[PDB]
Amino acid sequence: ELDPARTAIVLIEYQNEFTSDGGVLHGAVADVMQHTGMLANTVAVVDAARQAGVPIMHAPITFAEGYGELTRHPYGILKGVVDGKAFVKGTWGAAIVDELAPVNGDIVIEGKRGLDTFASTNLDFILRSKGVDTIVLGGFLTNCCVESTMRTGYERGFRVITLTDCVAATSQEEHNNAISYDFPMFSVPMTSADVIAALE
């Protein structure tokens, strides 16, 4: 049961870096993108969201070239972002995949530098200003940025819905476990089809 005036689709990091052949991180997520069909499922969800008047918010991650916005000695996941030169601002890799290119009305969330969309962006501000209380999440990575964003969403009292087949990760094991164990603690897990049915 969805209220379009009080709902948003939040698309996390559908960027060529992940989504597209030649992306620095594409090879690592290919298998799961294939098994899930997340890309086409995401396209379908967005289409039904445009029609129902539900805003699309894209949340890309980017970094000024040289990574000066971060510690010179990162640890954990962002270390990989630095060493691999992923998501440099203004590059093909940082661009949102052509199939989901932002179009009239859509909101591109700004500032993302870490994994939790709510920790370095204007997402919370915009969601709250627009009176949105239900967020629908899709994107990358299932057990990293989608999971962090979902957990903070819950903390902040949104109704979080996670699109269990519009997410993808670097391994099927990591992907499946996130969805089976953690998603139910912090969200309402649903398929594109049921979200699509709910949007209509």
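Heads up: residue numbers just count along the shown sequence, starting at 1.
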Worksheet item: Of 42-50 and 150-158, which one has the bigger average CA B-factor?
Response: 42-50
Worksheet entry | Mean Cα B-factor comparison, 89-97 or 102-110, giving the higher one as deposited | 102-110
Worksheet, complete the sentence: The largest CA temperature factor among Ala64, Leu141, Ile56, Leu70 is found at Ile56
Worksheet entry | Chain third (lowest, middle, highest) by recorded CA B-factor, residue given as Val136 | middle
Practice prompt. Could you say whether, by C-alpha temperature factor, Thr170 belongs to the lowest, middle or highest third of its chain?
Written response: middle
Worksheet item: By the record's CA B-factor, is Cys145 among the lowest, middle or highest third of residues in the chain?
Response: highest
Worksheet item: Looking at the C-alpha B-factor of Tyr181, is it in the lowest, middle or highest third of its chain?
Response: highest
